[PDB]
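Below: the structure, in structure tokens.
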Amino acid sequence: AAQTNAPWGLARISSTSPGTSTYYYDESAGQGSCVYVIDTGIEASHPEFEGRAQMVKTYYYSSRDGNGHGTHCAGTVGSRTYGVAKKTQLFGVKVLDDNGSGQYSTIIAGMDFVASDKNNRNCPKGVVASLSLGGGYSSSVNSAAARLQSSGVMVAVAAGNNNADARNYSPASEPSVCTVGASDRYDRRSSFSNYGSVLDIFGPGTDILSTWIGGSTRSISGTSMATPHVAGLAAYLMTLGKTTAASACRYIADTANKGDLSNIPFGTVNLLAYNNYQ
């Protein structure tokens, strides 16, 4: 399948080169997979989600996304126009308040929730969780992310936006999950992206158009935007049968575009997520 005039990041993930604008993907499109977006919520009524999104848990007075961040990330995973995996099922877990903040205890509870809740959902092709959030190093937060991964969920987490080594942030620094840095449309490391040996992969993160609350759209930047590209890619590849939740981060790194990014510090992987769709 081909989507013309796609957001640059979608085109990038199906291309061996920067500077194109058509996204190419197998029409299976993540059908039969599920992605949990653990964030500020999802505006499930947005037309872009087509009835494929739903809120399943909140820790606050409402499940509504009163911020937009979670809705944008969900859109990059799975919206019809802005998403990588255009037929996946999206499940929202609201661990962040409408200012984008949340306590680590709530975030941990949300990860353990997903590890169990997937047993209440129909995801025959596999389960992914996208975590566009983080703070300072916490062994308990890292352990929660490790448990979620161990339970059979492909966990993708943002590297963070400090232009620093991600070893000092969580869940970015957990070795067993997939830690995602950000790039721009000219194949440069995004100026804010964290780096370091704990990164597994880069995805598009500068100037990413996706869904927003109030039925709208906007372009924003962050490793929060790179992470759902990788989460949606994992769901897409799992639906194709090419990999599994336990192996998808390694598979994405194995099949990535290699050596194409600039301003990658010595010791950080130079790997850009790629669907290898022909």
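222 nm [θ] for the chain, helices only, -39500 (n - 2.57) per DSSP H run of 4+, per residue, to 500?
Working: 6 runs with 66 residues, N = 278.
The per-residue figure over the chain is -7000 deg cm²/dmol.
Rounded to the nearest 5, what % of the DSSP beta bridges within the chain are antiparallel ones? Could the numbers behind the result be given before it?
Working: 12 of 42 bridges.
Around 30 percent of the beta bridges assigned by DSSP in the chain are antiparallel ones.
Which residues make up the longest stretch of the chain that has no chymotrypsin sites (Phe, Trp or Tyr not before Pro) in a DSSP loop with at most 11 other Cβ atoms within 10 Å? Don't skip to the end; give the middle numbers.
Details: sites that count: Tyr61, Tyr186, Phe266.
Between the exposed loop sites, the longest stretch runs 62-185.
Which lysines does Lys258 reach when only Cα atoms under 22 Å apart count, and residues fewer than 8 places away in its own chain are ignored?
The reachable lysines, counting only those whose Cα sits under 22 Å from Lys258, are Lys242.
On average, how much area does the Cα convex hull of the chain cover when viewed from any direction, in nm²? Kindly include the intermediate steps, with their values, before the conclusion.
On the way: hull surface 47.7 nm².
With every direction weighted equally, the projected area is 11.9 nm².
Between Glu50 and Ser139, what is 0.36 nm times their sequence separation minus the Cα-Cα distance? Round to one decimal in nm. Provide the component values of the computation, followed by the final result.
On the way: separation 89, 0.36 × 89 = 32.04 nm, distance 3.83 nm.
That pair, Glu50 and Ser139, stretches by 28.2 nm at full extension.
Under a point spin-label approximation (7 Å from Cα along Cα-to-Cβ), what is the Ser219-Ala253 distance to one decimal in nm?
Computed distance between label sites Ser219 and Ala253 equals 3.2 nm.
Over the chain, what relative contact order in percent results from Cα pairs under 8 Å that are six or more residues apart? Working shown, then result.
Numbers: 789 pairs, mean separation 61.0, N = 278.
In percent, rounded to a whole number, it is 22.
Hey, if you put +1 on the Cβ of every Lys and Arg and -1 on every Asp and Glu Cβ in the range 106-188, which of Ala109, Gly126, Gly136 ends up farthest toward the positive end of that dipole?
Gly126
Exposure proxy check: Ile42, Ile213 ranked by fewest other beta carbons within 10 Å?
Numbers: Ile42 31, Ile213 21.
Going from sparsest to densest Cβ surroundings: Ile213, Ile42.
Within a Cβ distance under 13 Å of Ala115, other residues only, what is the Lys/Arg minus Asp/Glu net charge?
On the way: positive: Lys57, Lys118, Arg121, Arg147; negative: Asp112, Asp117.
Every neighbour counted, the sum reads +2.
Just subtract the alpha-carbon distance of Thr16 and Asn122 from 0.36 nm times their residue separation and send over the number in nm, one decimal. Before the final figure, lay out each step's value.
Working: separation 106, 0.36 × 106 = 38.16 nm, distance 3.39 nm.
Result: 34.8 nm gained on full extension.
Can you spot the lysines whose alpha carbon is less than 23 Å from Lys94's alpha carbon? Ignore those fewer than 8 places along the same chain.
Output for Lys94: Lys57, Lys86, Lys118.
Among the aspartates and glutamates, select those whose C-alpha is under 17 Å from the C-alpha of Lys125, and discard any that sit fewer than 8 residues away in the same chain.
By straight Cα distance, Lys125 reaches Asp26, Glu27, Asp117.
Compute the separation of the alpha-carbon centres of the range 3-26 and the range 169-228 and state it in Å as a whole number.
17 Å
Treating the beta-carbon of each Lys and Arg as +1 and of each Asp and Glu as -1, no other charges, what is the dipole magnitude of the chain about its Cα centre, to the nearest 20 debye? List each step's numbers first, then the result.
On the way: 20 positive and 19 negative charges, 69 e Å.
The calculated dipole for the chain is roughly 340 debye.
Every number in this text was worked out from the coordinates using simple rules, so none of it is lab data. FYI the Cβ positions are ideal-geometry reconstructions off the backbone, even for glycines, and counts take in every protein chain you see.
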